[PDB]
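Peer 1: Encoded as structure tokens, here's the structure I'll be asking about.
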Amino acid sequence: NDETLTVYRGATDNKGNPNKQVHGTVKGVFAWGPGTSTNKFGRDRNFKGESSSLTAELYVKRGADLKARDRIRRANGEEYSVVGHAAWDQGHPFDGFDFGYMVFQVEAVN
Amino acid sequence: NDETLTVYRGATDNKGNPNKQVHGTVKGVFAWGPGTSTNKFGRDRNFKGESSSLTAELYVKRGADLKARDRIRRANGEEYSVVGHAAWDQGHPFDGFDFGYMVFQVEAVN
Amino acid sequence: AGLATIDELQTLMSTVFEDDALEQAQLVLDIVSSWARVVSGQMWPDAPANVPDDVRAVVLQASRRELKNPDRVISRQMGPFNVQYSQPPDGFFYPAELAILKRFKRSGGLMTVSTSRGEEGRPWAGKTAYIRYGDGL
Amino acid sequence: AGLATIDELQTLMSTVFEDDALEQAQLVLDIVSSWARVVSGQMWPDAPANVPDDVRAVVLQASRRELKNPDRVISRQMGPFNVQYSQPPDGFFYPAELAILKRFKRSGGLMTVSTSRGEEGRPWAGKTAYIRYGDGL
Amino acid sequence: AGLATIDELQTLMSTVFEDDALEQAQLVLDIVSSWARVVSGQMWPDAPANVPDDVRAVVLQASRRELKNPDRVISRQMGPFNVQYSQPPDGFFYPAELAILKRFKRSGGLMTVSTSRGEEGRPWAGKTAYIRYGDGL
Amino acid sequence: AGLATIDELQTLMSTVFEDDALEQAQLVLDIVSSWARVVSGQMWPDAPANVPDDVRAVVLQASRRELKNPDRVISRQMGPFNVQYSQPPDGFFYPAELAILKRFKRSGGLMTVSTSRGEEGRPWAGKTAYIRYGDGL
């Protein structure tokens with residue numbers, strides 16, 4: 001089924017010092033690709049060293065504690081960052097039925 | 001069904017000082033993706049700090065008070081800006097049937 | 001006419017009717033009530049007085065279907081949003097609803113018509129020729 | 001009416017009904033109870049007293065299929081998420097559910113109608129012409 | 001009611017039910033037990049005492065399908081993830097499950113109904129007219 | 001119950017069951033064994049003693065099908081990977097498995113039911129009226 005995700009919440013002030021603390025646990029699943037393929041891994045190139053860039057989609061239950069501008073840690077150790085408000089967060093325009101699912105474009109850096 | 005949207009209307013003069021006031025409420029729905037996927041979130045990169053860029057589509061009833069070069073606020077607090085004239089704002093070329101729907105490419109910044 | 005009222009329809013649709021929407025809903029409900037009356041065959045003089053729950057349910061459902069889509073549509077989509085309804089009924093009522101409505105018909109519905117061979121009939125040619133031969137009793 | 005209550009429906013749907021949602025759910029449940037009553041043919045004077053578990057199951061299931069997916073839709077999708085339902089029944093109850101409701105009907109359901117040849121019948125033309133020739137016993 | 005308990009259902013689903021999920025599962029299991037009871041025709045006074053393994057299997061499976069499929073869906077997908085189930089049965093039980101449930105019915109299930117020609121019958125018109133001409137033995 | 005054990009199922013699936021997976025597998029195997037027993041009609045008092053290889057094969061296969069997919073999924077895919085199974089059996093078994101299970105039934109399976117015309121029968125009305133006119137031999 002689903003797997004628990006550690007969420008870190010924090011708002012940067014004018015001093016530019018982030019203050020991220022534990023906000024609880026959220027249940028969600030990851031999707032490394034929009035369709036039948038997978039997203040390519042970015043190359044830092046300019047950065048001195050070696051790294052990778054990834055943009056995935058996170059599926060979470062409606063009305064979850066997760067919110068944009070937060071940090072997400074998986075069960076293996078990698079830490080991701082989610083940005084941007086949730087998409088498809090509305091009911092059916094014709095009838096009003098609710099799927100209860102939203103997509104988060106989480107950026108994978110580890 | 002639909003959700004009310006706050007619309008802000010204002011025309012910039014030669015002085016470059018915007019004057020945006022409340023023009024009323026408009027009913028519409030949001031679509032964060034052209035097809036079965038979702039639009040990627042832009043990165044400011046050059047801008048000092050962190051932000052996001054988004055380009056969505058807004059579906060509104062025909063003959064609404066909404067017009068291009070306006071500001072849109074949702075029910076949660078985020079404020080969007082709509083630019084460009086509405087598309088598909090015509091009847092059937094063969095018969096003349098009217099769908100009554102138009103698409104607005106609204107830019108999401110919050 | 002008007003088997004059903006407008007308040008319970010509003011509660012069923014979870015919306016409020018105003019301006020021409022209320023008038024359109026009332027007209028549609030009256031049309032559906034007339035169709036139910038003609039299908040059942042009864043009259044219901046006092047419309048919102050007896051009005052059994054079966055016909056109320058039938059007319060409310062038919063009005064809901066009519067208001068949801070006035071033109072019979074199978075699949076309708078606008079951009080990413082898509083919806084595909086089932087097969088619409090030929091009339092305002094589904095066959096099950098029509099069968100429920102035909103309950104009030106007398107007997108099992110197997111009504112008959114009295115045919116004739118184009119004859120009137122005179123059952124007196126032979127009886128009035130008798131002459132009274134008694135005391136007149 | 002009201003064969004089923006609202007608490008067990010809330011537990012079945014794992015949600016709570018409030019505002020117009022509670023009223024809409026109550027109206028739907030009453031409609032379904034009326035349909036089940038007319039299909040079965042019984043009356044159930046004390047509605048939430050005897051109310052066998054079979055009819056409770058039927059009305060709860062029909063109320064669920066009415067509250068969720070109100071207008072009959074086969075496939076409904078918005079964006080990346082899609083869902084396709086099975087073929088909706090003609091009425092609020094599936095054909096399998098109708099058999100359970102028709103259980104309470106007398107005998108096997110093969111009720112008959114007494115036909116006639118348009119005749120009243122007078123079984124006394126020949127008996128009253130007898131004259132008492134005895135002691136009057 | 002309650003042919004099956006909740007612990008073996010939890011083991012079958014490999015999950016634990018809490019909050020209103022336990023109540024919903026119990027209600028679904030009671031509904032399925034009532035349906036199995038009415039299909040089989042027996043009563044099972046002591047529900048979790050005799051409760052043969054066949055009916056336990058049927059009710060557990062039906063509860064599993066109901067919990068994992070509240071509204072009958074053919075294909076459901078959310079983004080890249082997709083799943084398509086088989087054709088749902090008309091009722092809570094598949095035809096094989098229904099046949100297994102109908103095992104407890106008496107004989108082969110070919111029960112009959114005693115018809116009549118609208119007659120009561122008086123098998124004494126001709127016997128009581130006899131006058132005792134003996135010793136009264 | 002328990003026609004088959006858990007070690008040979010583990011070898012067939014090439015996996016080891018632990019925690020609630022072992023309990024779920026045992027419950028599924030018990031359910032399948034009960035269904036096979038009721039289909040065949042035998043009892044098998046000592047379950048893992050006689051337990052012919054045919055029924056062991058049938059129960060192991062049914063357990064494997066149940067563990068692989070309990071929702072009877074036709075086609076399931078997540079991302080690039082896709083899989084589409086064949087048509088699932090109705091209850092648990094394909095027709096060949098059911099035919100093999102019904103081997104143990106007596107004769108060819110064409111069992112009959114003894115009907116009656118609602119009569120008890122008294123084969124003594126006429127024999128006990130005879131009076132002994134001999135020596136009592």
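Each chain of the structure tokens is named A, B, ... in the order shown, its residues numbered from 1; ligands are numbered from 1 in display order.
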Near chain D, which residues of chain A fall within 8 Å when you count only C-alpha atoms, and what do they look like as a list in words?
Peer 2: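 In the required form, that comes to residues 88, 92, 97 and 99 of chain A.
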Peer 1: Please give chain A as a compact mmCIF listing (two decimals) with N, CA, C and O atoms, in the first residue's frame, after it has been superposed on chain B by least squares over all Cα atoms paired in order.
Peer 2:
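Listed below is the output, part_3.txt:
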```txt
# COMPACT_ATOMS: atom_id res chain seq x y z
N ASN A 1 -19.10 21.67 -7.96
CA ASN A 1 -19.28 22.46 -9.17
C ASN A 1 -18.15 23.47 -9.34
O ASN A 1 -16.98 23.11 -9.35
N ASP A 2 -18.52 24.74 -9.46
CA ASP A 2 -17.56 25.82 -9.62
C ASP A 2 -17.31 26.53 -8.29
O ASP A 2 -18.05 26.36 -7.32
N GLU A 3 -16.26 27.33 -8.27
CA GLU A 3 -15.87 28.09 -7.09
C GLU A 3 -15.64 29.55 -7.46
O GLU A 3 -15.09 29.84 -8.53
N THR A 4 -16.09 30.45 -6.59
CA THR A 4 -16.00 31.87 -6.88
C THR A 4 -14.54 32.34 -6.88
O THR A 4 -13.71 31.85 -6.12
N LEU A 5 -14.24 33.28 -7.77
CA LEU A 5 -12.89 33.81 -7.94
C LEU A 5 -12.93 35.32 -7.83
O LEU A 5 -13.77 35.97 -8.45
N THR A 6 -12.01 35.88 -7.04
CA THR A 6 -11.89 37.32 -6.92
C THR A 6 -11.06 37.87 -8.08
O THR A 6 -9.94 37.40 -8.33
N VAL A 7 -11.61 38.85 -8.79
CA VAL A 7 -10.97 39.44 -9.96
C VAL A 7 -10.54 40.86 -9.62
O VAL A 7 -11.30 41.61 -8.99
N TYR A 8 -9.32 41.21 -10.01
CA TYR A 8 -8.78 42.55 -9.82
C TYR A 8 -8.48 43.16 -11.18
O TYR A 8 -7.78 42.55 -11.99
N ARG A 9 -9.01 44.35 -11.42
CA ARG A 9 -8.87 45.03 -12.71
C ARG A 9 -8.15 46.35 -12.52
O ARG A 9 -8.43 47.10 -11.59
N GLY A 10 -7.21 46.63 -13.42
CA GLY A 10 -6.46 47.86 -13.38
C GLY A 10 -5.60 48.08 -14.62
O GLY A 10 -5.03 47.13 -15.15
N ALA A 11 -5.52 49.32 -15.07
CA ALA A 11 -4.73 49.68 -16.25
C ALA A 11 -3.59 50.59 -15.83
O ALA A 11 -3.81 51.63 -15.20
N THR A 12 -2.36 50.20 -16.18
CA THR A 12 -1.19 50.99 -15.86
C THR A 12 -1.09 52.19 -16.79
O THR A 12 -1.24 52.06 -18.01
N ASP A 13 -0.85 53.37 -16.21
CA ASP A 13 -0.73 54.59 -16.98
C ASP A 13 0.73 54.82 -17.36
O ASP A 13 1.58 53.95 -17.19
N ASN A 14 1.03 56.01 -17.89
CA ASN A 14 2.41 56.33 -18.25
C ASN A 14 3.31 56.41 -17.03
O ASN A 14 4.51 56.15 -17.13
N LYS A 15 2.75 56.76 -15.87
CA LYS A 15 3.53 56.83 -14.64
C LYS A 15 3.98 55.47 -14.14
O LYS A 15 4.85 55.41 -13.26
N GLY A 16 3.41 54.38 -14.66
CA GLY A 16 3.82 53.06 -14.24
C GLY A 16 3.32 52.64 -12.88
O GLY A 16 3.90 51.72 -12.27
N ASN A 17 2.27 53.28 -12.37
CA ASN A 17 1.72 52.92 -11.07
C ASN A 17 0.43 52.15 -11.26
O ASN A 17 -0.59 52.75 -11.64
N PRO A 18 0.41 50.84 -11.02
CA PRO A 18 -0.83 50.08 -11.19
C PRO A 18 -1.89 50.52 -10.19
O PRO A 18 -1.60 50.88 -9.05
N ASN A 19 -3.15 50.48 -10.64
CA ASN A 19 -4.31 50.81 -9.80
C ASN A 19 -5.34 49.69 -9.97
O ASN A 19 -6.25 49.77 -10.80
N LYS A 20 -5.20 48.64 -9.16
CA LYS A 20 -6.06 47.47 -9.24
C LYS A 20 -7.10 47.51 -8.13
O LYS A 20 -6.75 47.64 -6.95
N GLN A 21 -8.37 47.40 -8.50
CA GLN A 21 -9.48 47.41 -7.56
C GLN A 21 -10.37 46.20 -7.82
O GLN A 21 -10.21 45.48 -8.81
N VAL A 22 -11.31 45.98 -6.90
CA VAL A 22 -12.20 44.83 -7.02
C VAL A 22 -13.22 45.09 -8.12
O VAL A 22 -13.92 46.11 -8.12
N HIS A 23 -13.32 44.15 -9.06
CA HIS A 23 -14.28 44.23 -10.15
C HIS A 23 -15.46 43.29 -9.96
O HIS A 23 -16.35 43.25 -10.82
N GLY A 24 -15.49 42.53 -8.87
CA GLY A 24 -16.58 41.60 -8.62
C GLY A 24 -16.10 40.18 -8.40
O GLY A 24 -14.94 39.95 -8.06
N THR A 25 -17.00 39.22 -8.59
CA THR A 25 -16.69 37.80 -8.43
C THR A 25 -17.03 37.06 -9.72
O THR A 25 -18.06 37.33 -10.35
N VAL A 26 -16.16 36.13 -10.10
CA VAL A 26 -16.33 35.35 -11.32
C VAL A 26 -16.24 33.87 -10.97
O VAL A 26 -15.47 33.48 -10.09
N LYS A 27 -17.04 33.06 -11.65
CA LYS A 27 -17.10 31.62 -11.41
C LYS A 27 -16.27 30.90 -12.47
O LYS A 27 -16.49 31.10 -13.67
N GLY A 28 -15.34 30.07 -12.02
CA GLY A 28 -14.49 29.33 -12.94
C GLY A 28 -13.80 28.18 -12.24
O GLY A 28 -13.85 28.04 -11.02
N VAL A 29 -13.15 27.34 -13.05
CA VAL A 29 -12.42 26.18 -12.57
C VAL A 29 -11.02 26.20 -13.15
O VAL A 29 -10.78 26.78 -14.22
N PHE A 30 -10.09 25.56 -12.45
CA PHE A 30 -8.69 25.54 -12.84
C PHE A 30 -8.31 24.18 -13.42
O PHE A 30 -8.89 23.15 -13.07
N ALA A 31 -7.32 24.20 -14.31
CA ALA A 31 -6.81 22.98 -14.95
C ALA A 31 -5.29 23.08 -15.00
O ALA A 31 -4.74 23.82 -15.81
N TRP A 32 -4.63 22.34 -14.11
CA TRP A 32 -3.17 22.36 -14.02
C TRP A 32 -2.55 21.29 -14.92
O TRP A 32 -1.86 20.37 -14.48
N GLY A 33 -2.82 21.42 -16.22
CA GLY A 33 -2.28 20.51 -17.20
C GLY A 33 -3.11 20.47 -18.47
O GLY A 33 -4.34 20.49 -18.44
N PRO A 34 -2.44 20.40 -19.62
CA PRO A 34 -3.19 20.34 -20.89
C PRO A 34 -3.84 18.99 -21.13
O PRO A 34 -4.95 18.93 -21.67
N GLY A 35 -3.18 17.90 -20.74
CA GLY A 35 -3.72 16.57 -20.95
C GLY A 35 -3.76 15.73 -19.69
O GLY A 35 -4.35 16.14 -18.68
N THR A 36 -3.15 14.56 -19.74
CA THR A 36 -3.12 13.64 -18.61
C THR A 36 -1.97 13.90 -17.65
O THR A 36 -1.84 13.19 -16.65
N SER A 37 -1.14 14.90 -17.93
CA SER A 37 0.00 15.25 -17.08
C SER A 37 -0.21 16.63 -16.48
O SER A 37 -1.26 17.27 -16.66
N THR A 38 0.80 17.10 -15.75
CA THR A 38 0.77 18.40 -15.10
C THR A 38 1.98 19.22 -15.53
O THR A 38 3.05 18.67 -15.81
N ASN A 39 1.79 20.53 -15.59
CA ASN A 39 2.87 21.42 -16.00
C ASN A 39 3.96 21.48 -14.93
O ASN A 39 3.68 21.53 -13.73
N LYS A 40 5.21 21.48 -15.38
CA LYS A 40 6.34 21.56 -14.46
C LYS A 40 6.43 22.95 -13.85
O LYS A 40 6.01 23.95 -14.44
N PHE A 41 7.00 23.00 -12.64
CA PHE A 41 7.13 24.26 -11.91
C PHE A 41 8.44 24.93 -12.28
O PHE A 41 9.51 24.32 -12.17
N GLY A 42 8.36 26.18 -12.72
CA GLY A 42 9.55 26.91 -13.11
C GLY A 42 10.42 27.28 -11.92
O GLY A 42 9.96 27.39 -10.78
N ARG A 43 11.70 27.48 -12.20
CA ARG A 43 12.68 27.87 -11.19
C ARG A 43 13.20 29.27 -11.51
O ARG A 43 13.60 29.55 -12.65
N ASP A 44 13.18 30.15 -10.50
CA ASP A 44 13.65 31.52 -10.71
C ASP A 44 15.13 31.56 -11.05
O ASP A 44 15.55 32.31 -11.93
N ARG A 45 15.94 30.76 -10.35
CA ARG A 45 17.37 30.62 -10.61
C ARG A 45 18.11 31.94 -10.41
O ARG A 45 18.87 32.09 -9.45
N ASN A 46 17.89 32.91 -11.31
CA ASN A 46 18.59 34.18 -11.21
C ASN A 46 18.11 35.01 -10.03
O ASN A 46 18.90 35.73 -9.41
N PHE A 47 16.82 34.93 -9.71
CA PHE A 47 16.27 35.71 -8.60
C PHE A 47 16.87 35.26 -7.28
O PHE A 47 17.02 34.06 -7.02
N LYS A 48 17.22 36.23 -6.44
CA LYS A 48 17.82 35.94 -5.14
C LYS A 48 16.76 35.38 -4.20
O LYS A 48 15.89 36.12 -3.72
N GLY A 49 16.84 34.09 -3.93
CA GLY A 49 15.87 33.43 -3.07
C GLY A 49 15.27 32.20 -3.70
O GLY A 49 15.92 31.54 -4.53
N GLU A 50 14.04 31.86 -3.33
CA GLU A 50 13.34 30.71 -3.88
C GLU A 50 11.91 31.10 -4.23
O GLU A 50 11.25 31.83 -3.48
N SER A 51 11.44 30.61 -5.37
CA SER A 51 10.10 30.90 -5.86
C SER A 51 9.71 29.80 -6.85
O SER A 51 10.41 28.79 -6.98
N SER A 52 8.60 30.01 -7.55
CA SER A 52 8.12 29.03 -8.52
C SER A 52 7.35 29.75 -9.62
O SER A 52 6.85 30.86 -9.43
N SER A 53 7.27 29.09 -10.77
CA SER A 53 6.54 29.60 -11.92
C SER A 53 5.60 28.52 -12.43
O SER A 53 5.98 27.34 -12.49
N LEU A 54 4.39 28.91 -12.80
CA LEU A 54 3.38 27.96 -13.24
C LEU A 54 2.51 28.62 -14.31
O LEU A 54 2.23 29.82 -14.23
N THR A 55 2.10 27.82 -15.29
CA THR A 55 1.20 28.27 -16.35
C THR A 55 0.04 27.29 -16.44
O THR A 55 0.22 26.16 -16.90
N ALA A 56 -1.14 27.71 -15.99
CA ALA A 56 -2.33 26.88 -15.97
C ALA A 56 -3.36 27.41 -16.95
O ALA A 56 -3.18 28.44 -17.60
N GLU A 57 -4.48 26.68 -17.05
CA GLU A 57 -5.59 27.05 -17.90
C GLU A 57 -6.84 27.25 -17.05
O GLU A 57 -7.14 26.43 -16.17
N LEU A 58 -7.56 28.34 -17.31
CA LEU A 58 -8.76 28.69 -16.56
C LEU A 58 -9.97 28.58 -17.47
O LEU A 58 -9.99 29.17 -18.55
N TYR A 59 -10.98 27.84 -17.02
CA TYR A 59 -12.22 27.66 -17.75
C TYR A 59 -13.30 28.51 -17.09
O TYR A 59 -13.56 28.37 -15.89
N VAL A 60 -13.94 29.38 -17.88
CA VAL A 60 -14.94 30.31 -17.37
C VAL A 60 -16.12 30.34 -18.33
O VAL A 60 -15.99 30.01 -19.52
N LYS A 61 -17.28 30.72 -17.81
CA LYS A 61 -18.48 30.84 -18.61
C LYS A 61 -18.33 31.97 -19.64
O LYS A 61 -17.61 32.94 -19.43
N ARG A 62 -19.03 31.81 -20.76
CA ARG A 62 -18.99 32.83 -21.81
C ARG A 62 -19.66 34.12 -21.33
O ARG A 62 -20.63 34.10 -20.57
N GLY A 63 -19.12 35.24 -21.79
CA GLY A 63 -19.65 36.54 -21.41
C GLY A 63 -19.46 36.88 -19.95
O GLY A 63 -20.33 37.52 -19.35
N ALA A 64 -18.35 36.46 -19.36
CA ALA A 64 -18.06 36.76 -17.97
C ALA A 64 -17.35 38.10 -17.85
O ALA A 64 -16.80 38.64 -18.81
N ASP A 65 -17.37 38.65 -16.63
CA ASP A 65 -16.71 39.93 -16.38
C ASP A 65 -15.19 39.83 -16.45
O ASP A 65 -14.52 40.86 -16.53
N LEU A 66 -14.64 38.62 -16.43
CA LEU A 66 -13.20 38.45 -16.49
C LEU A 66 -12.66 38.86 -17.85
O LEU A 66 -13.24 38.55 -18.90
N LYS A 67 -11.54 39.57 -17.84
CA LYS A 67 -10.88 40.03 -19.06
C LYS A 67 -9.37 39.92 -18.86
O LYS A 67 -8.88 39.83 -17.73
N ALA A 68 -8.64 39.91 -19.97
CA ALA A 68 -7.19 39.79 -19.93
C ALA A 68 -6.57 40.94 -19.15
O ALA A 68 -7.20 41.97 -18.89
N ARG A 69 -5.30 40.75 -18.77
CA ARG A 69 -4.54 41.73 -18.00
C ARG A 69 -5.21 42.05 -16.67
O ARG A 69 -5.37 43.21 -16.28
N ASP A 70 -5.61 40.99 -15.96
CA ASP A 70 -6.26 41.11 -14.66
C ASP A 70 -5.58 40.17 -13.67
O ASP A 70 -4.73 39.35 -14.03
N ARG A 71 -5.97 40.30 -12.40
CA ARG A 71 -5.44 39.48 -11.32
C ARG A 71 -6.55 38.62 -10.75
O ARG A 71 -7.70 39.06 -10.63
N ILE A 72 -6.21 37.38 -10.39
CA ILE A 72 -7.17 36.41 -9.89
C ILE A 72 -6.67 35.87 -8.55
O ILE A 72 -5.51 35.44 -8.45
N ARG A 73 -7.53 35.89 -7.54
CA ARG A 73 -7.24 35.32 -6.23
C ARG A 73 -8.18 34.15 -5.97
O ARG A 73 -9.39 34.27 -6.17
N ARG A 74 -7.61 33.03 -5.53
CA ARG A 74 -8.40 31.85 -5.23
C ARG A 74 -8.96 31.93 -3.81
O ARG A 74 -8.79 32.93 -3.10
N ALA A 75 -9.63 30.86 -3.39
CA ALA A 75 -10.25 30.82 -2.07
C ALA A 75 -9.27 30.48 -0.95
O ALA A 75 -9.63 30.63 0.22
N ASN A 76 -8.07 30.02 -1.28
CA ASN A 76 -7.09 29.66 -0.26
C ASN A 76 -6.15 30.80 0.10
O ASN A 76 -5.66 30.86 1.23
N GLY A 77 -5.90 31.72 -0.83
CA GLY A 77 -5.05 32.86 -0.55
C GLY A 77 -4.06 33.18 -1.66
O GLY A 77 -3.56 34.30 -1.74
N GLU A 78 -3.78 32.20 -2.51
CA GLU A 78 -2.86 32.42 -3.62
C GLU A 78 -3.47 33.36 -4.66
O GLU A 78 -4.67 33.32 -4.93
N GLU A 79 -2.63 34.22 -5.23
CA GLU A 79 -3.04 35.21 -6.21
C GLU A 79 -2.38 34.91 -7.54
O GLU A 79 -1.16 34.76 -7.62
N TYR A 80 -3.20 34.83 -8.60
CA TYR A 80 -2.72 34.55 -9.94
C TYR A 80 -2.95 35.76 -10.84
O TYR A 80 -3.75 36.64 -10.54
N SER A 81 -2.24 35.77 -11.97
CA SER A 81 -2.36 36.82 -12.97
C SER A 81 -2.69 36.19 -14.32
O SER A 81 -2.02 35.24 -14.74
N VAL A 82 -3.70 36.73 -14.99
CA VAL A 82 -4.14 36.23 -16.29
C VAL A 82 -3.74 37.24 -17.35
O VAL A 82 -3.93 38.45 -17.18
N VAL A 83 -3.15 36.75 -18.44
CA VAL A 83 -2.71 37.59 -19.55
C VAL A 83 -3.16 36.95 -20.85
O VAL A 83 -3.41 35.74 -20.92
N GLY A 84 -3.29 37.77 -21.89
CA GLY A 84 -3.69 37.29 -23.19
C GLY A 84 -5.19 37.13 -23.35
O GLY A 84 -5.89 36.77 -22.39
N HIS A 85 -5.70 37.41 -24.55
CA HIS A 85 -7.13 37.30 -24.80
C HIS A 85 -7.57 35.84 -24.75
O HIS A 85 -6.78 34.91 -24.93
N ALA A 86 -8.86 35.65 -24.48
CA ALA A 86 -9.42 34.31 -24.37
C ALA A 86 -9.35 33.58 -25.71
O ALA A 86 -9.51 34.19 -26.78
N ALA A 87 -9.10 32.28 -25.65
CA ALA A 87 -9.01 31.44 -26.84
C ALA A 87 -10.28 30.62 -27.00
O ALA A 87 -11.05 30.42 -26.06
N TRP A 88 -10.50 30.15 -28.23
CA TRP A 88 -11.69 29.38 -28.59
C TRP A 88 -12.97 30.15 -28.29
O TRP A 88 -13.99 29.58 -27.89
N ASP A 89 -12.92 31.47 -28.49
CA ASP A 89 -14.07 32.33 -28.25
C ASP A 89 -14.82 32.60 -29.56
O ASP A 89 -14.90 33.73 -30.05
N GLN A 90 -15.36 31.53 -30.13
CA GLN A 90 -16.12 31.62 -31.37
C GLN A 90 -17.05 30.43 -31.47
O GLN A 90 -16.89 29.43 -30.77
N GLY A 91 -18.04 30.56 -32.35
CA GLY A 91 -18.99 29.50 -32.59
C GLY A 91 -18.47 28.46 -33.57
O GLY A 91 -17.31 28.48 -33.99
N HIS A 92 -19.35 27.55 -33.93
CA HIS A 92 -19.00 26.49 -34.87
C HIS A 92 -18.88 27.07 -36.27
O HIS A 92 -19.83 27.68 -36.77
N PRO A 93 -17.73 26.92 -36.95
CA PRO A 93 -17.61 27.45 -38.32
C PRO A 93 -18.60 26.84 -39.30
O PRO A 93 -19.02 27.52 -40.24
N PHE A 94 -18.98 25.58 -39.10
CA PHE A 94 -19.87 24.91 -40.05
C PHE A 94 -21.33 25.25 -39.79
O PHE A 94 -22.05 25.66 -40.71
N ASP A 95 -21.78 25.10 -38.55
CA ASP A 95 -23.17 25.33 -38.18
C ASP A 95 -23.37 26.64 -37.43
O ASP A 95 -24.19 27.47 -37.83
N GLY A 96 -22.65 26.84 -36.33
CA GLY A 96 -22.79 28.05 -35.54
C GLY A 96 -23.13 27.79 -34.09
O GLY A 96 -23.54 28.70 -33.37
N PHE A 97 -22.99 26.54 -33.66
CA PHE A 97 -23.30 26.18 -32.28
C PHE A 97 -22.27 26.78 -31.33
O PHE A 97 -21.09 26.90 -31.66
N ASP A 98 -22.73 27.15 -30.14
CA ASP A 98 -21.90 27.83 -29.14
C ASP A 98 -21.72 26.92 -27.94
O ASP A 98 -22.70 26.51 -27.30
N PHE A 99 -20.46 26.60 -27.62
CA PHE A 99 -20.16 25.88 -26.39
C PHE A 99 -20.34 26.74 -25.15
O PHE A 99 -20.74 26.23 -24.10
N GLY A 100 -20.06 28.04 -25.26
CA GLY A 100 -20.14 28.91 -24.11
C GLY A 100 -18.97 28.82 -23.15
O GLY A 100 -19.06 29.35 -22.04
N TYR A 101 -17.88 28.16 -23.54
CA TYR A 101 -16.71 28.01 -22.70
C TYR A 101 -15.50 28.62 -23.39
O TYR A 101 -15.36 28.54 -24.61
N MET A 102 -14.62 29.23 -22.60
CA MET A 102 -13.38 29.79 -23.09
C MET A 102 -12.26 29.43 -22.13
O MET A 102 -12.48 29.17 -20.95
N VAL A 103 -11.04 29.41 -22.66
CA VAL A 103 -9.85 29.05 -21.90
C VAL A 103 -8.99 30.29 -21.71
O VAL A 103 -8.79 31.07 -22.65
N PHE A 104 -8.51 30.50 -20.48
CA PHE A 104 -7.61 31.59 -20.14
C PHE A 104 -6.31 31.00 -19.63
O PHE A 104 -6.31 30.23 -18.66
N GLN A 105 -5.20 31.35 -20.27
CA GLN A 105 -3.88 30.89 -19.83
C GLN A 105 -3.43 31.80 -18.70
O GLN A 105 -2.78 32.83 -18.91
N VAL A 106 -3.79 31.42 -17.48
CA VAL A 106 -3.47 32.20 -16.29
C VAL A 106 -2.12 31.74 -15.75
O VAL A 106 -1.83 30.54 -15.71
N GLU A 107 -1.28 32.70 -15.37
CA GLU A 107 0.04 32.40 -14.82
C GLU A 107 -0.04 32.38 -13.30
O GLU A 107 -0.42 33.38 -12.68
N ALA A 108 0.31 31.25 -12.71
CA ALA A 108 0.30 31.10 -11.26
C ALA A 108 1.69 31.42 -10.72
O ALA A 108 2.68 30.80 -11.12
N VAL A 109 1.75 32.39 -9.81
CA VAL A 109 3.02 32.84 -9.25
C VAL A 109 3.15 32.52 -7.77
O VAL A 109 4.27 32.30 -7.29
N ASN A 110 2.05 32.47 -7.03
CA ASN A 110 2.10 32.14 -5.60
C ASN A 110 2.10 30.63 -5.39
O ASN A 110 3.12 29.97 -5.60
```
Peer 1: Could you work out how far atom CA of residue 41 of chain D lies from atom CA of residue 113 of chain D, giving the answer in Å with one decimal?
Peer 2: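 Distance reported for this atom pair: 17.0 Å.
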Peer 1: Segment 50-64 of chain C: which residues within 7 Å, counting only C-alpha atoms, same-chain residues fewer than 4 positions away excluded, as number ranges by chain?
Peer 2: C: 3-4, 9, 28-29, 32-33, 46, 68, 92-93, 97, 101; D: 31, 34-35
Peer 1: So that I can check the secondary structure, give me every residue of chain C assigned strand (DSSP E) by backbone DSSP, as a list in words.
Peer 2: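 The strand (DSSP E) subset of chain C is residues 75, 76, 77, 78, 81, 82, 83, 84 and 85 of chain C.
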Peer 1: May I have the residues within 7 Å of residue 40 of chain D as a PyMOL selection string, using only C-alpha atoms and disregarding those fewer than 2 positions away in the same chain?
Peer 2: chain D and resi 36-38+42+101-102+104-105
Peer 1: Mind giving me the straight-line distance from atom CA of residue 108 of chain C to atom CA of residue 39 of chain E in Å, one decimal?
Peer 2: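 Going from atom CA of residue 108 of chain C over to atom CA of residue 39 of chain E covers 29.2 Å.
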Peer 1: What residues in chain F get the DSSP label helix (DSSP H, G or I)? Please answer as a ChimeraX atom specification.
Peer 2: /F:7-13,20-40,53-68,95-104
Peer 1: From the set F:89, F:136, F:126, F:45, which residue has the shortest atom-to-atom contact distance to chain E, counting only C-alpha atoms?
Peer 2: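 Once distances to chain E are computed over only C-alpha atoms, the minimum belongs to F:89.
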